[PDB]
Amino acid sequence: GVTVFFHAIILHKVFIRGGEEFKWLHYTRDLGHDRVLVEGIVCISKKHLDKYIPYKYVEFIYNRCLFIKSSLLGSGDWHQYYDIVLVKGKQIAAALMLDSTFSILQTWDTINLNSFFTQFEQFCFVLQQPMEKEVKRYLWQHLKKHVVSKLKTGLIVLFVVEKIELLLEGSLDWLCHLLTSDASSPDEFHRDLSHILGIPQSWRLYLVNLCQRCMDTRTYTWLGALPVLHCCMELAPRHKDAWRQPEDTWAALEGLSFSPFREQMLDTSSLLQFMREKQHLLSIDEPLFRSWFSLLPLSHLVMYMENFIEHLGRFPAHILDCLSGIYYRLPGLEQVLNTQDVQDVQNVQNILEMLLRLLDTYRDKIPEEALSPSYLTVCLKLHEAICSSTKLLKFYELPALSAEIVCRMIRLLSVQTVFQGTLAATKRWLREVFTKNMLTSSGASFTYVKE
């Protein structure tokens, strides 16, 4: 037989009766609050599964209907809830459902986890189609109260809110802090995440819908949660032309539109402060750095390479990523160089000087397993842009720095073609810059003082 556990809300004796599929109970705990929760167990045949089995309580209806659906039955027991014998009862029963379904998470293990998942799926199937802002608000209340081993509960809360379509109304902070792993080690992170992510479920989609929020609502705590998403993403390895990968893949932000948030986030100082607080994350998840490099505007990229110079010293294979990131910003760079604003051009010069610092300082430290010649090409791209947008002569330092980057990359190691392209771009820049002769008609003075 397959068993069903009916619950109900309201001396007298209650009885369970209906169709003869089983013609014509016990006290659980009298909550108080002017109500009692009365339950009952009954085991029906094993062939009556997924069949309508209307029932009754002797009940006042403002016939009930059961569906023991074979798609949600686990060990073989079903749990029917929310039976009342309205909105007030709905809220009370939501509270009790939350408490009951979380009373199984005591011994975090695959067994109790799957039991919780099965009970939740069953009851929510019964709930969403029984045949509501207040309900969502009160459920958020009880959830926050019951919850405030942190990563598992964060993922569980995320799964729940996505199942109950409970948007995080103004407090993404708390859930993103829960999903933020204080673990300073990668193995510990994977250990905390595995027992809960190994379950077949839509973790990636939930995390992506959580990350899109906190970006469309203009916040930053979600960054600390990016690592988890990455474990759920199962990203692919880099190839011979990693530069050809889109910015969303290379940055490990698939399914997220970050360019709008990147360009519309008006306070990047707090972003960098949050980052520096959670710098340990960079060690447990490699791509995180990249992701961050992708979520920062071109005006606050040097600070990101400076504050986290130590990490790059521990992880020099990230230096190259910087270049890649800058490549994915080429338009903006050009948008800045095609103009003559000294501040932004100077920021770009600073960026390139920082990249040269990284190369030289950490020239004797990069791991040959991450030093692909693709970056050479990437560098060349950069050069071309710096030589195509930089029209004035008082900005030779940027073509010079680009050529120096190419030189250091070649020294780190096709090559001839990249050198040809670099020389060609330099000659083109000199041509489009030196349009008049070097010396005056008399020859006494030069035309361009800086030639």
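In terms of determination method and resolution, the entry is listed under cryo-EM at 3.0 Å.

Caption draft 1: Main features of the packing of aromatic side chains. Evaluation of the coordinates by the stated rule reveals 31 aromatic pairs. Judged by centre distance (6.0 Å) and plane angle (20 degrees), the ring pair of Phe 116 and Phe 120 falls under stacked. Of this pair, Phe 116 and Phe 120 are both found in helix α2 (residues 110–128), four residues apart, which corresponds to roughly one turn of the helix. Across the pair, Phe 120 and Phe 116 agree in class, each one buried.

Caption draft 2: Looking closely at the sheet that holds strand β3 (residues 26–32). If you trace the four strands from one edge of the open sheet to the other, you get β3-β4-β1-β6, paired in mixed fashion. Two strands close off the open sheet at either side, each with one partner strand: β3 and β6 (77–80). Pairwise comparison of adjacent strand axes, ignoring direction, gives a mean angle of 20 degrees for this sheet. Relative to β6, strand β1 (residues 2–9) runs parallel, the two being bridged by four bridges. Bridge pairing in β6 places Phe 5 opposite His 79. Sitting on the sheet, helix α1 (residues 87–102) is in contact with β1, β3 and β4 (35–44), with an inclination near 130 degrees to β1.

Caption draft 3: Inspection of helix α20 (residues 397–411) at higher detail. With 15 residues, α20 extends 21 Å from end C-alpha to end C-alpha; this agrees with the ideal 21 Å at 1.5 Å per step. Those residues of α20 that fall on the buried side of the exposure criterion are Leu 398, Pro 399, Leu 401, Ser 402, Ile 405, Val 406 and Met 409. Viewed end-on, α20 has its buried residues packed into an arc of 165 degrees, placing them on one side of the element.

Caption draft 4: Structural context of the environment of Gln 119. Take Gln 119: it is sitting in helix α2. Considering only alpha carbons, one finds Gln 119 and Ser 100, 19 residues apart in sequence, at a separation of 9.6 Å. Residues within four places of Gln 119 in sequence aside, it is in contact with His 79, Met 97 and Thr 101.

Caption draft 5: Looking closely at the state of the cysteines. As enumerated under the stated definition, the model contains zero disulfides in all. With no disulfide of its own, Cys 387 lies 13 Å from the sulfur of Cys 379, the closest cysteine sulfur.

Caption draft 6: The arrangement of unusual backbone geometry in detail. A positive phi angle, near 55 degrees, is found at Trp 24, a position not held by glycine. Assignment of secondary structure puts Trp 24 in the loop between β2 (16–18) and β3. We note that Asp 34 has phi near 65 degrees; this positive angle belongs to a residue other than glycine. Here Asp 34 shows up in the loop between β3 and β4. The class of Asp 34 is exposed, set by a relative accessible area of 67%.

Calculation rules
Throughout, a per-chain count from 1 in the order the sequence is written supplies the residue numbers; the entry may number residues differently, and those without coordinates are omitted. Reported values pertain to the displayed chains only, which are themselves part of a larger assembly. Note that the side-chain values use all heavy atoms of the structure and ignore hydrogens as well as water. Centres within 6.5 Å are what make two rings of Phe, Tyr or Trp a pair, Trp counting through its six-membered ring; a difference in plane orientation under 30 degrees is then read as stacked, over 60 as edge-to-face, and the rest as tilted. A helix here means a DSSP run of H or I that spans at least four residues, while a strand means a run of E at least two residues long, and both kinds are numbered starting from the N terminus. Burial status follows relative accessibility: with a 1.4 Å probe on protein chains alone, a residue under 20% of its type maximum counts as buried, one over 50% as exposed, and anything between as partly exposed. At least two bridges found by DSSP between two strands is the condition for calling them paired. Only C-alpha atoms enter the line fits that serve as axes; for helices the fit covers just the stretch in contact. Angles between N-to-C directions range over 0 to 180 degrees. Working rule for contacts: check all heavy atoms of both residues, and any pair within 4.5 Å makes them a contact. Any helix carries an expected span of 1.5 Å times its number of residues minus one. Picture the helix axis, draw a direction to every C-beta atom, and the arc is the one those directions span. Counting rule for disulfides: a pair of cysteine sulfur atoms within 2.5 Å.

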